[PDB]
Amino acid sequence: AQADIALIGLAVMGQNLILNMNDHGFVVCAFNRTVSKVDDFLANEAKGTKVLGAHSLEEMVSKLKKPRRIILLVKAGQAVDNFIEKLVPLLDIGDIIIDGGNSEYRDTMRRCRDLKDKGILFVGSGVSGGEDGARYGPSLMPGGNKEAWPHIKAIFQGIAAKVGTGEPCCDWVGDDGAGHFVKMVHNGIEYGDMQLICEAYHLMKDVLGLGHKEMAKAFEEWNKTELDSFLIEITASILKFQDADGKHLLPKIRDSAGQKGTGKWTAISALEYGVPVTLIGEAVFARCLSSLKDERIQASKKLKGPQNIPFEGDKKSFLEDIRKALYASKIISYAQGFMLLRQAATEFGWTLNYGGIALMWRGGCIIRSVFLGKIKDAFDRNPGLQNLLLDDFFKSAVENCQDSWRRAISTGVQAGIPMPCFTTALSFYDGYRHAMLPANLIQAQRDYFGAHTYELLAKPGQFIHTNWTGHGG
């Protein structure tokens, strides 16, 4: 009794969350497996604060006020499990472990269940924002065992980022893996937004022949419109940045996009649970494509492009078309993301508050934007909205953009600019608007070669198998 909460894991993320925590008047006891790290932090970044250190897992446990509350901000995987094993013998029934690492929603569920019967309340939380966010106000997404929530509410919401009306970008997400499932869908969406920005970049660079200087200006103009977001803002900075030598740094960087795995999971989840989250799929795959750098070098030497027609038209107009095409496509993957969230909710029995989640992504996290605010009051006005595209704001915004959107894509297609995400968003949009789709032909084929049966348009329910093979032979 003295420390309010413990944090294990002293890399920059843990470090900054403890300082953030301390600034809101919480005594935190630090610990790390390379114990020397605890000293180093106490004498350096945490010198002159109220944070205590522990040199043994056992004395860390000793410092805590009951219910003991300890946070793991350790590498996801095995590491988290090891710590749980060691922690459980020392803790009392009713104690709380939070895993803040980017964990697998399934590993979280398992752990949550497992700890319930040993009387230990487990919460898996998504943390977003990076070092900066960690330090002044991260976005936090806690889920797991709801009994832990009243014991941690004050800390998490206190250090959480705050939206303009002072609400925290943190609230209870739901049971077991919910917080960790929300965290990864956030990253899926993050991948999506980035690829969309790249596509817009690629069209103004190759079709419009803009230099990085003008392209930064155009993004900066765009950040004053509906597109106002952290990502459009940093993109304008990146395009302007000049290296030591005076020339722009971005053209020097190698185009193989890495990925630490979370985006991958969103798209795999959609595939497992049957949700058309096509834009995040294309975004993950566009990263896979860029990894085949040497292969694209070799392919560029021999695969021919379209005939070169120079762009004739008003650059200012096309620039505006690219803006609206980005915006409509962004609306589309957010509609795909929240329908994945709805399906997962249905699969695992979570009562998700989608306006709540919108608010949690409104600040702190990388995808923060004014856009998320508009999503929040769509679900406020109607919490049972099946799909974002049916809310009048989005239905109006997309309707309003579609001319430009189709123009932007036709030009790209003729010019040979790769647009994975612009094209899936439009395909999906046109797919979803259609009451009748050619899917009935798939059914006919499936029934024909594999006898799989089909149902009629009127009288859904009965499955028929036609004998196509011969009908008069």
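From 1 onward, residues are counted along the sequence shown.
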Exercise. Which has the higher mean CA temperature factor in the PDB entry, 262-270 or 330-338?
Worked result: 262-270
Seminar exercise, completed: The stretch whose C-alpha atoms carry the larger average B-factor in the entry, 180-188 or 242-250, is 242-250
For this session: Report the option among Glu199, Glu282, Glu167, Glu295 whose CA atom has the maximum B-factor in the deposited record.
Result: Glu167
Exercise. If you compare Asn308, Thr278, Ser290, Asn353, which has the highest Cα B-factor in the entry?
Worked result: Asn308
Exercise. Relative to the other modelled residues in the chain, which third contains the C-alpha temperature factor of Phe428: lowest, middle or highest?
Worked result: lowest
Problem set entry | Ranked C-alpha temperature factor of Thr49 among modelled chain residues, by third | highest
For this session: For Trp361, return the chain-relative third of its C-alpha B-factor as stated in the PDB record: lowest, middle or highest.
Result: lowest
Exercise. Within this chain, which third does the Cα B-factor at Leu389 fall in: lowest, middle or highest?
Worked result: middle
Problem set entry | CA B-factor placement of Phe422, once the chain's modelled residues are sorted into thirds | lowest
